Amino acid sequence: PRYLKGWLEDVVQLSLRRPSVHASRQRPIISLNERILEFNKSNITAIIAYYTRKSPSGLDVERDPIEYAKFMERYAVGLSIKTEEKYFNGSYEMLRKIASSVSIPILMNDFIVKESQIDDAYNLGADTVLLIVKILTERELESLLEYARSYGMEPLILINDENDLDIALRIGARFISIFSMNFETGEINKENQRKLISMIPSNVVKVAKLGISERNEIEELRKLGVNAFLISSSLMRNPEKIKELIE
């Protein structure tokens, strides 16, 4: 990985030591990017629901992950499951249980820094993985994208700025999540997010992290060409709100 500081350095070093899982995948690869395009065609707002046991906002909500997943199976284009253990209190066992419980695409949301974590995702039933430009060398990012693709998974590449986009496009990214977030405050700079979106080629499937989890923000971004939306963990408090967000 890149050299990093603070808790991010800690979690990346912890992730390098993540024990691998020996398991047989229990389900097909259910492509997230393709389902997004299908929703676009059908004119259905495509929202990726996000589950994390512990939220960085400090407002943790008690929600049974299986109940949440089964509810979201009816509305969401896919699920993002935070599997990092130390700070977010996720687990591989939770991912496995969720994957065995629903038939919609599952994104393994973790700090992916080695090949065995992609093996883990595949073996556990995840349909794709997040790769984060800001924690990986370009060589690592390219190699991990290739490794995920070898499995039949199109990784979601997280970009935060123009530098990240330049690297992502060079290494062949076709499925990109646009944050443009101040890491220190957890706040999206909507102006910068929109500039980044405008720089992305038309043949890339685009997922925006919502800075404001409301229908107005979604409508504005969809007009700018965004294909799907990663919503806040706050939706765990009232899952039903996703009905409003989707129309």
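Quick note: we count residues from 1 along the sequence shown, nothing fancier.
Remark: stretch with higher mean C-alpha B factor among 23 to 31 and 47 to 55 is 23 to 31. Here 97 to 105 and 82 to 90 are compared by their mean Cα B-factor, and 97 to 105 comes out higher. Per the PDB entry, 37 shows the highest C-alpha temperature factor of the residues 196, 37, 204, 207. In the PDB entry, the Cα temperature factor peaks, among 166, 115, 110, 73, at 73.
The entry lists a Cα temperature factor for residue 224 that places it in the highest third of the chain's modelled residues. For residue 230, the recorded CA temperature factor ranks within the middle third of the chain's modelled residues. Ranked within its chain, residue 179 lands in the lowest third, by CA B factor from the PDB record. In this PDB entry, the Cα temperature factor of residue 5 sits in the middle third of its chain's modelled residues.
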